[PDB]
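In what follows, one protein chain appears twice in different forms, each by itself as structure tokens: structure 1 and structure 2.
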Structure 1
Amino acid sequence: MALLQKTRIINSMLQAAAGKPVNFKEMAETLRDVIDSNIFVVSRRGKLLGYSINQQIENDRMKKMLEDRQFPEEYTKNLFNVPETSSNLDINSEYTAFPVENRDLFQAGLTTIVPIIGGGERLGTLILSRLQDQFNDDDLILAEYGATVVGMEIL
């Protein structure tokens, strides 16, 4: 579908979502649907405010993080070192969203890190991940729109 179709899907969601209580799961699912990627909305200290999986997780340590709604400390602290969007980070990146013990299986795994910013303040991080298919400009447009509005719906 055109980008205009995908932005219309996000917009339709945002237009209905006010003034119901904020739903970060719904925002994560909508972004998963239009970007075709796993989506994690991560607080400054690693809390999963919302997420949506595009591919089943066959890693017990990762499935635990979802259940706990919490990402690891060191991983989470290091996200602050990325000040702007950084896309298509591969399995060997310290920022990868794939479990390092399964690097071989996820050799084609790609990760995009999108700072969520909220008032001169870093409020969290929007993480996107998927296999094989490089993120493009349209994906970034949609990811950054999501991160921006998430930053608004966070406040």
Structure 2
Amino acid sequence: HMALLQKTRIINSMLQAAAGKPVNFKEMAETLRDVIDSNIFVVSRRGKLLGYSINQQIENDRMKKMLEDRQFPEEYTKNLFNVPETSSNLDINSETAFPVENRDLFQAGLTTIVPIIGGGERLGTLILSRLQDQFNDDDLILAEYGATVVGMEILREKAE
């Protein structure tokens, strides 16, 4: 599992290294983009865009609007909060607990939703998207490791 081991080391060094620099969500998004090989969006518990990075353009009006608003609409924020654990490979044909009216979030590509949890609290949501390649268990290991680090840093920014 050597590639996975190397990739966990890159994420893990985020937890263990330095601890000096201020929090930078765009930088974290970029790191996870390259390690996981996926679009990365970091959303707060209240639906605010904290940071993102894209390596594969996907046509999605709902995500585009979120980017423009730097915020999900209230209903979408609520339905993300209602995802209690990692939900992967969501698409147009998905089988999930988003109301049909809000499944335009999965218009195109494949989406994985990973709750960000820190200090026993829901701190936000890590959303990953790819044009065509499925997320496998290795991808989920890295996504969940990344989510935990982002949670760590959301707390730091709270206390900054």
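Take the two forms, superpose them, and find the largest set of C-alpha atoms that agree within 1.5 Å; that set is the rigid core. Counting starts at 1 with the first residue of structure 1 and goes up one by one along its sequence.
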property	result
Residue 86 C-alpha moves between structures 1 and 2 by 2 Å or more, core aligned	no
Did residue 10 shift 2 Å or more between structures 1 and 2, C-alpha, core superposed	yes
Is_shifted residue 51 between structures 1 and 2 (CA, 2 Å cut-off, rigid core)	no
Cα displacement of residue 69 between structures 1 and 2, once the rigid core is superposed (Å)	2.1
Core superposition result - C-alpha of residue 105, shift between structures 1 and 2, Å	13.3
Core-referenced Cα shift (Å), residue 120, between structures 1 and 2	1.7
